[PDB]
């Protein structure tokens, strides 16, 4: 490996061998079907609301999130980088697809597949990833840095459906070597969203943009139809000329054929035919190829940028609504703009790299933090782009100031912005894209007094319930299978209108969003104040025994949606205390004296009773009425965790909080698989895991990172990092279960998982407050 020295990969990048097999991988531990796309994954490409494309560590473009809200894992074999090298003095050169695998059928059989093992590495530190190619039959060493411009406090480039591939080539040998790098791409119009004739009308064109000191050559892969539909638009690939390289291209090769129409050209001398051909296809799949060729002398380095864009302007949801994606604000809505996007990237990528470096640098340069923590912190952010992210710039056919936003909880439970989960998972948005965060919270504010009297069947017990109750915060803002933003509470396993955490979490999120953006946004507190008051007032009505605290009803009426709570619970009870304290403070800020006084009164009574009912000398009991009410819950003081973040002070005595956290570390962490797998949710005082429900026996990744953040603010530095390290290890390490770029909600002691690609572990960003 002589190429690593010519590029700059941070030491905290996650690493794996190209073609590496992983032997320890986990699988779903539930009885119903659940997504398991394997451990062959990578950092995604694509902006927020753009649709994303997962290119895996083996080099394939395989995890397709271009249909917004859906996860489709299938390698499109035509989409690759390939290399040709010939040493001056040899009769023949060699050509190789940079893909550690081969197609399942006979398409593209002429291409040279099966990039060999032990011949290169993949590295990731989101939004950047890299591949290095160090192969005994390739005298010139190559590396590529690939990324999309995901930039905090930037709502523009961050939305773009674009990726850059910056190649570096170095000749460590003592002979001249001719090198070519080729990007191939299938015209994927019709890959989704087209019910019949899936390739029909697809055609490819070549754009040559020549102006002083710029030449870009690109393929634009579109369809002859000018219809405005979810399925129509354009893909583009292309390259910018640099001194010392020549560009060649092929406009049309057949992807549903043996590939030799292209490969016979490339494998001969690394130079394509430059054949334009706009003839549309009927049944056959088609693709384009863009290549560069250059000669490297001994000791010479060259850098060359390629790019990929996709202009698919319309997203459609299963309930019928069609919306424009956010990037259309910057490039237009007609779906004929892939070249403009590609050009913007090829002309600005150096600036983008520097903007990404500038935001990562404060963390990366802090030598008090271990590298493993940096690996997790940055790579967990993959989910902001990969989570079915929807960001609208108008409804199609619509005759507004704001752009609605939604991140899925996950793909198996296909719900937008699940509030009980975003309480943990939304930290990166508030910290790094706060205008999006405030938009999402205003969306929730607007739902508070919505009433929907239609009924649904509750999944857990079969009872009928009202869809949406006035004054109750919704569980979610809909499903991609239905009508995001329009039809709320798609979730139906339990009835969220009787949950005891949603209304409190809502309030806490509101105050969080004010505090963590500088305590300056009074307008945001003004917009949300009525809903905050309404939310707390409605929750107060659920106090059945006048102790001043809402009663859990002996069923799962909160985020642990199979784990029953009854009476006053540490979890919902502490959230309530904190939410009352937050509402007092908002009342002070907005000079609503009667609100301040009322919530202060409720707080003092509830606080006194919470401590009496639950403090047992060592920790706070799980609740007051359940069969295992004395279980040690990992999340027992969630309200105090948020109070620390919101700077609301002590809601419970410092000494008692410290004792509780120490007990959780001693038990839920250190007595669960020797503290190497996170914090298990429920443990009995005798040190055996609580078996009352599956959720008690799970580690929740986002709960564990949040608990780590809580320990950290409370000075328990070693315990905080040791607690988080188990989640990092399970996710990323060779000794783990292979969950990189698909961090799940939960695992059990055997390492197997529930709900890969989950929002909650974005809570790791709470460790940076």
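Residue numbers count along the first chain shown, from 1.
Visitor: How about residue 399: is it missing from at least a third of the other entries compared?
Guide: Across the compared entries, residue 399 is left out in at least a third.
Visitor: Would you class the number of unmodelled deposited residues between residue 591 and residue 592 as none, 1 to 3, 4 to 9, or 10 or more?
Guide: Gap size class: none, per the record.
Visitor: In the PDB record, does 695 to 703 or 264 to 272 carry the higher mean Cα temperature factor?
Guide: The stretch with the larger average C-alpha B-factor is 264 to 272.
Visitor: Out of 162 to 170 and 212 to 220, which stretch has the higher average CA B-factor listed in the record?
Guide: Result of the comparison: 212 to 220.
Visitor: Between 374, 252, 422, 522, which carries the biggest CA temperature factor in the record?
Guide: When the deposited C-alpha B-factors of 374, 252, 422, 522 are compared, 522 is largest.
Visitor: Report the option among 108, 466, 483, 150 whose CA atom has the maximum B-factor in the deposited record.
Guide: Answer, based on the entry's C-alpha B-factors: 466.
Visitor: How does residue 752 rank on Cα B-factor within its chain, lowest, middle or highest third?
Guide: Middle third, going by the recorded CA B-factors of the chain.
Visitor: Name the third of the chain's ranked CA B-factors that contains residue 84, choosing lowest, middle or highest.
Guide: Middle third.
Visitor: Compared with the other modelled residues in the chain, in which third is the CA B-factor of residue 288?
Guide: Lowest third, going by the recorded CA B-factors of the chain.
Visitor: Split into thirds by Cα B-factor across the chain's modelled residues, where does residue 767 land: lowest, middle or highest?
Guide: It belongs to the middle third of the chain when residues are ordered by C-alpha B-factor.
Visitor: With respect to C-alpha B-factor, does residue 320 fall in the lowest, middle or highest third of the chain as deposited?
Guide: Its C-alpha B-factor belongs to the middle third of this chain's values.
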